[PDB]
Amino acid sequence: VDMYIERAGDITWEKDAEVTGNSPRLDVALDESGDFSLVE
Amino acid sequence: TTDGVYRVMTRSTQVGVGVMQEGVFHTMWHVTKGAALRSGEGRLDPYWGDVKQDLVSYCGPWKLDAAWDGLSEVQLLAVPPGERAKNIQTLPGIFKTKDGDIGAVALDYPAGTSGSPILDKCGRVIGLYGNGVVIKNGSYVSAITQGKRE
Ligand SMILES: N=C(N)N[C@@H]1CCCCNC(=O)[C@H](CCCCN)NC(=O)[C@H](Cc2ccc3ccccc3c2)NC(=O)Cc2cccc(c2)CNC(=O)CNC1=O
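Residues numbered from 1 in each chain as written, not as in the entry; some residues may be left out. Chains lettered and ligands numbered in written order. Heavy atoms only, no water. Residues with missing side-chain atoms left out of burial classes, pairs and counts.

**Side note on the nonpolar core**
Within the largest apolar cluster, 23 residues are counted, with the highest numbers of intra-cluster contacts made by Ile 5 of chain A together with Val 8, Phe 25, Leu 37, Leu 44 and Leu 128 of chain B. Counting residues per element, the ones that place at least two in this core are strand 1 (3-9) of chain A together with strand 1 (4-10), strand 2 (13-21), strand 7 (55-58) and strand 13 (125-128) of chain B. Counting residues in each nonpolar core, the second largest holds 14 residues, with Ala 66, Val 74, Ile 126 and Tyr 140 of chain B among its members. (Core = buried A, V, L, I, M, F, W, Y, C linked by side-chain atoms within 4.5 Å. Buried < 20%, exposed > 50% of the residue type's maximum accessible area, 1.4 Å probe, protein only. Helix = DSSP H or I, 4+ residues; strand = E, 2+ residues; numbered from the N terminus.)

Here's what the structure looks like:
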């Protein structure tokens, strides 16, 4: 399997972007395999 | 290894994204599982990684050390499969864990967007997108995953 990288852009903050998405406050656990879960 | 954001492809399908900074390529472990990466005519080998953090670096140690300030809006520089890079500004939420709080962005993109960088207002990479949770309505929230610069 040929895994390869290709440039996609410059890393630059964009001025005058409008905020989207909410800001959830979540109780979370992280296991030793790197998986996050929600604490119920 | 010029600085910038890159797609991670398999031959093609886009399986992720990563950041080249200071000669080191940074992505999420689940994107490559440490496999070698072709870059033009060269090969990049894994140097450091951690399954629990879900991070891997190539060519040298992890270089990204900017931290979310816990207060300010951030930008996901999303590089979705088949689409141009785009900046999405958001106020992070919080993953509250037994080991501390981690900023988290409520932005939902295809699996192959994994590794896209999240930026502060100075353009520094405060972490990578794509290890997260699915909430009750089916939408996604990603940790702002940052490594340690030793
Ligand atoms: N709305 C959804 N599901 N959006 C996701 C957005 C993916 C962004 C990039 N990240 C990933 O691919 C990682 C890989 C794995 C890294 C693991 N350490 N992924 C994830 O973190 C999650 C992990 C996960 C999974 C289930 C959880 C349930 C409860 C609580 C927490 C949970 C966490 N994995 C997924 O979300 C997998 C998934 C679950 C349900 C449905 C889909 C995909 C179909 N969606 C897509 O086919 C594209 N979108 C999507 O796949």
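**Some words on the domain arrangement of chain B**
All names here are of chain B. On domain assignment, one finds that chain B holds domain 1 (1-64) and domain 2 (65-149). The set of elements that each furnish at least two residues to the side of domain 1 that touches domain 2 consists of strand 1, strand 2, strand 3 (24-27) and helix 1 (29-32). When residues of the side of domain 1 that touches domain 2 are assigned to their parent elements, the largest contribution, six residues, is made by strand 2. (Domains from an automatic or database assignment.)

**As for the pairing of strand 2 (residues 25-30) of chain A**
The pairing of strand 2 of chain A with strand 10 (residues 93-97) of chain B spans three bridges and is classified as parallel. Its bridge partner lying in strand 10 of chain B, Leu 26 of chain A is registered against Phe 95 of chain B. Here strand 2 of chain A pairs with strand 3 (residues 36-38) of chain A via three bridges, running antiparallel. Its bridge partner being in strand 3 of chain A, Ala 29 of chain A is matched across the sheet by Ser 37 of chain A. (Pairing = 2+ DSSP bridges.)

**Some words on the interface of chain B and chain A**
The interface is formed by 57 residues belonging to chain B together with 34 residues belonging to chain A. No other element matches the seven residues that strand 1 of chain B contributes to the side of chain B that touches chain A. Class assignment of the residues belonging to the side of chain B that touches chain A gives a composition of 33 nonpolar, 15 polar and nine charged. (Contact = heavy atoms within 4.5 Å. Nonpolar A, V, L, I, M, F, W, Y, C, P; charged D, E, K, R; others polar.)

**What to know about the sheet that holds strand 8 (residues 74-78) of chain B**
Residue and element names in this part refer to chain B. Ordered in space as 9-8-12-13, the four strands form an open sheet in which the pairing is antiparallel. Here the strands that pair on one side only, and so sit at the sheet edges, are strand 9 (86-90) and strand 13. Each strand of the sheet is rotated relative to its neighbour by a mean of 30°, with strand direction disregarded. Bridge count for strand 8 against strand 12 (residues 117-119) is two bridges, and the pairing is antiparallel. (Axes fitted to C-alpha atoms, helices over the stretch in contact; angles between N-to-C directions.)

**Quick word on the side chain of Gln 14 of chain B**
Residues and elements named next belong to chain B. For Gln 14, the position within the fold is in strand 2. A relative accessible area of 9% places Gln 14 in the buried class. At 2.9 Å, the side chain of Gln 14 and the backbone oxygen of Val 79 are in polar contact. Ignoring any residue separated from it by four or fewer positions in sequence, one finds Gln 14 in contact with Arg 7, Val 8, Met 9, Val 79, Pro 80, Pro 81, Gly 82 and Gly 112. (Polar contact = N/O pair within 3.5 Å; in protein donor to acceptor, adjacent residues only side chain to side chain.)

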